[PDB]
Amino acid sequence: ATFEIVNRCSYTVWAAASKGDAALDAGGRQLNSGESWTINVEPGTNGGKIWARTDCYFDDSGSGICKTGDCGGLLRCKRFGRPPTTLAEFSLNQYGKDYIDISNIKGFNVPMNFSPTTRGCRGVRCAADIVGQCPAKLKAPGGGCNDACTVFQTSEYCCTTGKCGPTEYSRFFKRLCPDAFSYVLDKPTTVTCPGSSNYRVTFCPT
């Protein structure tokens, strides 16, 4: 399956794509404002994620640091990124269906739309000004809006026991972005798409 990853933000981002134990495609790429990156994700991939990283610095070998979403200091990510990261999440070809979502469970850094480019389902979007509105205790000065599990490391935010409720923090993300996951046991906002759909992830869709 093909994903087109498009930066509509006025600022450069460093896109990233991983399934946690490996890169997806080339794993990461600088996207100046307006640029697009086309990747192929193997059919059947479970638990893939795409995100943006902000304010990155790399040496000529592709090692450095990003203010948000850093993946072990690499340009070409092979592992998931450090919160806060708005996440486009997907599992493909699962018994004939694809499943897509946006999640704020690992915080928010850049607004996102995640839509099919083929027929048969809708997209989802989280494009509110979460960073500007972020609760003080969740603000990353490094940049972004952390999730409460990252900040507080409690069983309730992290959903450690498998049971948790919404929280004052999760409900902030949910109020602004109803279409994205706000905590582990949120009512799912997963969209079921035809198996083998193709997609576009747009940063700063507005």
# chains A, B, ... in the order shown; residues from 1 in each chain; ligands from 1
call {"tool": "closest_atom_pairs", "arguments": {"of": "region 76-119 of chain A", "to": "region 5-19 of chain A", "cutoff": "10 Å", "atoms": "only C-alpha atoms", "output": "tab-separated table"}}
result
residue	atom	partner	partner_atom	distance
A:76	CA	A:16	CA	7.3
A:77	CA	A:16	CA	6.0
A:78	CA	A:18	CA	5.8
A:79	CA	A:18	CA	5.9
A:80	CA	A:18	CA	6.3
A:81	CA	A:16	CA	8.3
A:88	CA	A:17	CA	9.4
A:89	CA	A:19	CA	9.5
A:90	CA	A:19	CA	9.4
A:91	CA	A:19	CA	9.7
A:110	CA	A:9	CA	8.6
A:111	CA	A:9	CA	8.8
A:112	CA	A:7	CA	9.5
A:113	CA	A:6	CA	9.8
A:114	CA	A:5	CA	9.3
call {"tool": "residues_around", "arguments": {"residues": "residue 82 (chain A)", "least_positions_apart": "3", "cutoff": "9 Å", "atoms": "only C-alpha atoms", "output": "list in words"}}
result
residues 68, 69, 70, 71, 72, 85 and 106 of chain A
call {"tool": "closest_residue", "arguments": {"among": "A:34, A:43, A:64, A:123", "to": "residue 180 (chain A)", "atoms": "only C-alpha atoms"}}
result
A:123
call {"tool": "residues_around", "arguments": {"residues": "residue 182 (chain A)", "least_positions_apart": "5", "cutoff": "9 Å", "atoms": "only C-alpha atoms", "output": "number ranges by chain"}}
result
A: 103-107, 147, 166, 169-174, 177
call {"tool": "atom_distance", "arguments": {"atom1": "CA of residue 149 (chain A)", "atom2": "CA of residue 186 (chain A)"}}
result
14.5 Å
call {"tool": "select_by_dssp", "arguments": {"residues": "region 45-161 of chain A", "states": "strand (DSSP E)", "output": "MDAnalysis selection string"}}
result
chainID A and resid 48:58 64:68 87:94 97:103 112:116 124:126
call {"tool": "residues_around", "arguments": {"residues": "residue 138 (chain A)", "least_positions_apart": "2", "cutoff": "10 Å", "atoms": "only C-alpha atoms", "output": "PyMOL selection string"}}
result
chain A and resi 84+107+131+134-136+140-141+144-152+169
call {"tool": "closest_residue", "arguments": {"among": "A:50, A:99, A:167, A:184", "to": "residue 116 (chain A)", "atoms": "only C-alpha atoms"}}
result
A:99
call {"tool": "atom_distance", "arguments": {"atom1": "CA of residue 75 (chain A)", "atom2": "CA of residue 39 (chain A)"}}
result
15.6 Å
call {"tool": "residues_around", "arguments": {"residues": "residue 190 (chain A)", "least_positions_apart": "5", "cutoff": "8 Å", "atoms": "only C-alpha atoms", "output": "list in words"}}
result
residues 99, 100, 101 and 102 of chain A
call {"tool": "write_last_selection", "arguments": {"atoms": "N, CA and C atoms", "output": "PDB file, in the first residue's frame"}}
result
ATOM      1  N   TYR A  99      -7.560  -0.751   9.144  1.00  0.00           N
ATOM      2  CA  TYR A  99      -8.023   0.027  10.273  1.00  0.00           C
ATOM      3  C   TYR A  99      -7.118   1.232  10.418  1.00  0.00           C
ATOM      4  N   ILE A 100      -7.678   2.420  10.493  1.00  0.00           N
ATOM      5  CA  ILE A 100      -6.899   3.651  10.644  1.00  0.00           C
ATOM      6  C   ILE A 100      -7.442   4.469  11.798  1.00  0.00           C
ATOM      7  N   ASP A 101      -6.549   5.244  12.423  1.00  0.00           N
ATOM      8  CA  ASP A 101      -6.971   6.166  13.461  1.00  0.00           C
ATOM      9  C   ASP A 101      -5.922   7.254  13.609  1.00  0.00           C
ATOM     10  N   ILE A 102      -6.321   8.337  14.317  1.00  0.00           N
ATOM     11  CA  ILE A 102      -5.374   9.280  14.869  1.00  0.00           C
ATOM     12  C   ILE A 102      -5.449   9.149  16.376  1.00  0.00           C
TER      13      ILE A 102
END
call {"tool": "closest_residue", "arguments": {"among": "A:176, A:24, A:65, A:121", "to": "residue 198 (chain A)", "atoms": "only C-alpha atoms"}}
result
A:121
call {"tool": "select_by_dssp", "arguments": {"residues": "region 45-180 of chain A", "states": "alpha helix (DSSP H)", "output": "PyMOL selection string"}}
result
chain A and resi 130-133+148-152+155-158+168-176
call {"tool": "write_last_selection", "arguments": {"atoms": "N, CA and C atoms", "output": "CSV table (one decimal), in the first residue's frame"}}
result
chain,number,residue,atom,x,y,z
A,130,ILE,N,-4.1,22.5,19.6
A,130,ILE,CA,-3.8,21.8,20.9
A,130,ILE,C,-2.6,22.4,21.6
A,131,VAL,N,-1.5,22.7,20.8
A,131,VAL,CA,-0.4,23.2,21.5
A,131,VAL,C,-0.6,24.6,22.2
A,132,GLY,N,-1.3,25.5,21.5
A,132,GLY,CA,-1.6,26.8,22.1
A,132,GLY,C,-2.5,26.7,23.3
A,133,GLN,N,-3.4,25.7,23.3
A,133,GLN,CA,-4.4,25.5,24.4
A,133,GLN,C,-3.9,24.5,25.5
A,148,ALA,N,-0.7,12.9,29.6
A,148,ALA,CA,-0.6,12.7,31.0
A,148,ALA,C,0.2,11.5,31.4
A,149,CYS,N,0.1,10.4,30.7
A,149,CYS,CA,1.0,9.3,31.2
A,149,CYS,C,2.4,9.6,31.1
A,150,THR,N,2.9,10.2,30.0
A,150,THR,CA,4.3,10.7,30.0
A,150,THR,C,4.6,11.6,31.1
A,151,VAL,N,3.8,12.5,31.5
A,151,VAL,CA,4.2,13.5,32.5
A,151,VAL,C,4.1,12.9,33.9
A,152,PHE,N,3.0,12.1,34.2
A,152,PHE,CA,2.7,11.8,35.6
A,152,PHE,C,3.0,10.3,35.9
A,155,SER,N,-0.9,4.8,37.2
A,155,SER,CA,-1.7,3.7,36.6
A,155,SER,C,-3.0,4.2,35.9
A,156,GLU,N,-3.5,5.3,36.4
A,156,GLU,CA,-4.8,5.8,35.8
A,156,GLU,C,-4.5,6.4,34.4
A,157,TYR,N,-3.5,7.2,34.2
A,157,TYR,CA,-3.2,7.8,32.9
A,157,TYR,C,-2.6,6.7,31.9
A,158,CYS,N,-1.8,5.9,32.4
A,158,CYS,CA,-1.1,4.9,31.6
A,158,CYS,C,-1.9,3.7,31.3
A,168,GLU,N,-9.3,14.5,33.5
A,168,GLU,CA,-9.3,15.9,33.1
A,168,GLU,C,-8.3,16.3,31.8
A,169,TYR,N,-7.2,15.5,31.8
A,169,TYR,CA,-6.2,15.7,30.7
A,169,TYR,C,-6.7,15.0,29.4
A,170,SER,N,-7.2,13.8,29.5
A,170,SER,CA,-7.7,13.2,28.3
A,170,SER,C,-8.9,14.0,27.6
A,171,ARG,N,-9.7,14.5,28.5
A,171,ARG,CA,-10.9,15.2,28.0
A,171,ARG,C,-10.5,16.6,27.3
A,172,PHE,N,-9.3,17.1,27.7
A,172,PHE,CA,-8.8,18.3,26.9
A,172,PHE,C,-8.5,17.9,25.5
A,173,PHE,N,-7.8,16.8,25.3
A,173,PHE,CA,-7.5,16.3,23.9
A,173,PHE,C,-8.8,16.0,23.2
A,174,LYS,N,-9.7,15.4,23.9
A,174,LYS,CA,-11.0,14.9,23.3
A,174,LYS,C,-11.9,16.1,22.9
A,175,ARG,N,-11.9,17.1,23.7
A,175,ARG,CA,-12.8,18.3,23.4
A,175,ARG,C,-12.4,19.0,22.2
A,176,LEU,N,-11.1,19.0,22.0
A,176,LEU,CA,-10.6,19.7,20.8
A,176,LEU,C,-10.5,18.8,19.6
call {"tool": "closest_residue", "arguments": {"among": "A:48, A:4, A:67, A:181", "to": "residue 20 (chain A)", "atoms": "only C-alpha atoms"}}
result
A:48
call {"tool": "atom_distance", "arguments": {"atom1": "CA of residue 22 (chain A)", "atom2": "CA of residue 159 (chain A)"}}
result
25.5 Å
